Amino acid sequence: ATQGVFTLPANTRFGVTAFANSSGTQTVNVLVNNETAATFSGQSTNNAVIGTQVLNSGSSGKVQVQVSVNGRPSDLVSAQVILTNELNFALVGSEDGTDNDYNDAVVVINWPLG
């Protein structure tokens, strides 16, 4: 199944933050309406924040996270969880290798903000 794809309400500000846990240099691209709206990169085996930004979901509400290491797309896992019918988390894990820890780049999307 498709992973790392989320539908947000239109024209909604959302946070996106990425962490790295790998010997591979992570590139995290955040697409809004199928167009790259943010790009983060970095390398850490200690969960370093490699990027954080506030974006707007725009007219489509279409948000997609992609992760690559050396030009190769990582395998993604994702889900959305909603707390008290108000607070949204869109969560993404990724695997760049053979150990199946899925933490190589970890991406957290949250909304609403403010």
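Start at 1 and count along the sequence shown; that's the residue number.
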Which of 68-76 and 52-60 has higher mean CA B factor, as the PDB entry lists it: 68-76
Greater mean Cα temperature factor according to the PDB record, 78-86 or 29-37: 29-37
Peak C-alpha temperature factor (PDB record), options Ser94, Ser22, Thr98, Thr17: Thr98
Where the record places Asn46 (Cα B-factor, split into thirds across the chain): highest
Entry-reported Cα temperature factor of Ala1, expressed as the chain third it lands in: highest
